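Two forms of the same protein chain are encoded below as structure tokens; each is given separately, as structure 1 and structure 2.
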Structure 1
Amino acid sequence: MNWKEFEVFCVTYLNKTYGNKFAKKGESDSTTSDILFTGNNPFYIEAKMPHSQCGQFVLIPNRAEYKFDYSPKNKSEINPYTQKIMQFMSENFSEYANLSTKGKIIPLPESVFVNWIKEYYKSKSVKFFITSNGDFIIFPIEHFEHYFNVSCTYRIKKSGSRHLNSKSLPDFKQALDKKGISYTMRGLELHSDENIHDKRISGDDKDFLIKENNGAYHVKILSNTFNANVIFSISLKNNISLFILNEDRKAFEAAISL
């Protein structure tokens, strides 16, 4: 299944096992998780597939000072583990200053990255993670290292898309005309009997992406921002201690009962 189906799978399990107290609804944002326990001891639960990413921060190369600057637009504050990563990269500036989409791994002790993850998720009121290796695994953030292997890389990650808007509609219609695609627009919704799912077309310094929705196509404008971020990858361990697993399930059962 994909990650969206996986998150629904996790929420459904929580509600059927522990009662209808686990919300995944409404708007989200990066300062919180996607699943909220709505009891007297509220907290967020992070669902992670066995192979996932697990947080990031943008660093800007300063080629005059030969160091990396923490982006003032990042959404989490510098903690000591952020500082260790930045210090390592800055002391090795030449090796990290040529940004790449392939990325360059950061060979610091895994505990530095685990500690960054713990700090970051604690700061977002994420107290537990849920994953699955065939059975559901729920554990508190303080025991993260017993469940996931962690690595860290610095890579260009292009920023995300935005919905086609009225201001861009003329350029998009003209891009369709240029590409020879037969179409009709109903507001910002695109209609065509051509097979244009995932189609990319460009015009007037905008790269457009076309995706099939219920009965029509939705149009997105892709980004032109190509900054680089430290970003964490996690892989579920094959050898999780059953003793830790059991005490961690009891920790969760305590947390939802306070």
Structure 2
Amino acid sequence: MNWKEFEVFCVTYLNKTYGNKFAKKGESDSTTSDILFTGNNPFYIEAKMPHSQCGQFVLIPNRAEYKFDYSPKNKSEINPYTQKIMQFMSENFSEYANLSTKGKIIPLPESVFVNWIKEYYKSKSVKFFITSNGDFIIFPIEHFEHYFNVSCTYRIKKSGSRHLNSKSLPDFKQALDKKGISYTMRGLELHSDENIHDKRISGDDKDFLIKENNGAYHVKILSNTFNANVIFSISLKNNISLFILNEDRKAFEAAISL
């Protein structure tokens, strides 16, 4: 299943097993965490697939100073582990200053990255993670390293899309016409008997993406922002202590009972 279905699967399990106290938040909403527990001890739960990413922050190369600057537009604050990562990258500036989509790994001790994750998720009011290897695994954030291997890379990650808008409509129609596509439009709604699902076309410095939903097409404008972020990847361990697993399930049971 995909990540959206996986999160629903986790919420269904939580409500079935522990009562109707858990709610999934909006898909792709970056301002909140995946699952909210309702109770006198409220907290969020992150659902993670076995191979997932797990937080980021943008760094801007300062070529005049040969160091990295923490973006003032980042949505979490510098913690001591952020600072260790920035120090390593800045002291190795020539190795990281040339940004790439392939990414440059950061070979610091894994504990630095685990500690970043623990601080970051604490700051988001996330007390537990849920994952699955065929059975559901629920654990408190302080035990993260017993469940996931963590790595960290610095890579360009293009920013996301936006909806086609009225101002961009002439440019979009011009791009369609140059491609020879037969279509009509009612406002921002596109109609075509051609097979244009997931089609990419461009014009006047705009890259468009045509998505099919309902009974017609929804057009997106892709970003032109290509900044680079430190970003964490996690891989579920194949060998997890059953002793830790069982005590962590009891810790979850305590948290929802407070």
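Residues that one form lacks are left out of the comparison. Only the largest set of C-alpha atoms that superpose within 1.5 Å between the two forms is called the rigid core. Counting starts at 1 with the first residue of structure 1 and goes up one by one along its sequence.
Item to check | Position with Cα shift of 2 Å or more, rigid core superposed between structures 1 and 2, options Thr38, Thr31, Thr225, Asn213 | outcome: The only residue crossing the 2 Å threshold is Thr31.
Checklist entry - Superposing on the core, what C-alpha displacement does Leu108 show between structures 1 and 2, in angstrom? => result So the C-alpha of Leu108 has moved 0.2 Å between structures 1 and 2.
Checklist entry - Core superposed, what is the CA shift for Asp171 between structures 1 and 2, in angstrom? => result Reported C-alpha shift between structures 1 and 2: 1.7 Å at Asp171.
Checklist entry - Fitted on the core, where are the consecutive stretches (at least 3 residues) whose C-alpha atoms all shift 2 Å or more between structures 1 and 2? => result Segment displaced between structures 1 and 2 after core fit: 25 to 32 only.
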